[PDB]
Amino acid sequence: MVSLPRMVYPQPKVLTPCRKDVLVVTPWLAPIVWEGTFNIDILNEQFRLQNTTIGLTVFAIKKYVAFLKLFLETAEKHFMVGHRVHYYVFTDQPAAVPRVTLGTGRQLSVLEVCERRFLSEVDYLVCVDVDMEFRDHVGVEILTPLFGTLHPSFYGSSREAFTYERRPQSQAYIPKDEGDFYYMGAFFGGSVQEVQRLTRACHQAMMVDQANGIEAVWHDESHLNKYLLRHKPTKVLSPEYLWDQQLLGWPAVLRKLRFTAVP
């Protein structure tokens, strides 16, 4: 909206790609976010000028409350640092939420287990699993109306290998000749409006499956994939954003490991 200030940085080279080893844009022209494809200083300026507020939602029920301390502590070091952040922790154990020290402009709300609240408190919603930890920068480069993240086990696989729901009787059904990528349900987001549209669509699809006595092979994630196939995400995050170094190591194609599973 408002003009950017004078900035000094390397000139982009039209005849020189940032990454030649990976696909950096989808066939529907959505950027695929990899290290080396973005100048974070320009993006930080753009989003700060809009006073962007990012909501980060996590569910922590039963034994999963034990993962909150590390999750939040590392989020404080790597997630949207410099921007307004509102954590939303949905849990069945409010008193079990650890007291983590937050940086300025960041807040945390504990919700024991309306959506209109999100529309009035944040601009973007980022939905992730709690048994994870941030190990490197996860910032505004991910913000867009709707984004999904490439599952680390299938980013180099053929669509036939994708573990989509293959039974026509399920609303999440995707035939062998269809599919762009296999997105992991552990990290997705977008504007509040788009995220709520996705969740409402997923919820209705799962209810229909329940009525027909069928459960998608990978539950919510199967429906997430059906939704993103029919409603293309405006940005796709590379596996840098969802990794497990113990199970997958550290491939050369991954310059940074940003958000990983906890052993």
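If you superpose the two forms and keep the largest set of C-alpha atoms that fall within 1.5 Å, you have the rigid core. So that there is no doubt, residue numbering starts at 1 and follows the sequence shown.
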Taking C-alpha RMS after core alignment, which stretch differs more from the shown form in 4 other deposited structures of this protein: 95 to 103, or 114 to 122? 114 to 122
As the entry stands, the deposited residues without coordinates between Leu102 and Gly103 add up to none
Hey, which bit's got the bigger mean C-alpha B factor in the entry, 103 to 111 or 141 to 149? 103 to 111
Regarding 204 to 212 and 53 to 61, which shows the higher C-alpha temperature factor on average in the entry? 204 to 212
Select one of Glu133, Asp129, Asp92, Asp136: the residue whose C-alpha shows the highest B-factor in the crystal structure entry. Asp92
Please pick out which of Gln193, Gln171, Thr74, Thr163 has the largest Cα B-factor as recorded in the entry. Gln171
Could you place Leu198 in the lowest, middle or highest third of its chain by Cα temperature factor, using the values in the record? middle
Assigned third (lowest, middle, highest) for the C-alpha B factor of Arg167: highest
In terms of the chain's CA B-factor thirds, is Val122 lowest, middle or highest? middle
Grab the CA temperature factor for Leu248 from the record and place it in the lowest, middle or highest third of its chain. middle
Ranking the modelled residues of this chain by C-alpha B-factor as given in the entry, is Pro175 in the lowest, middle or highest third? highest
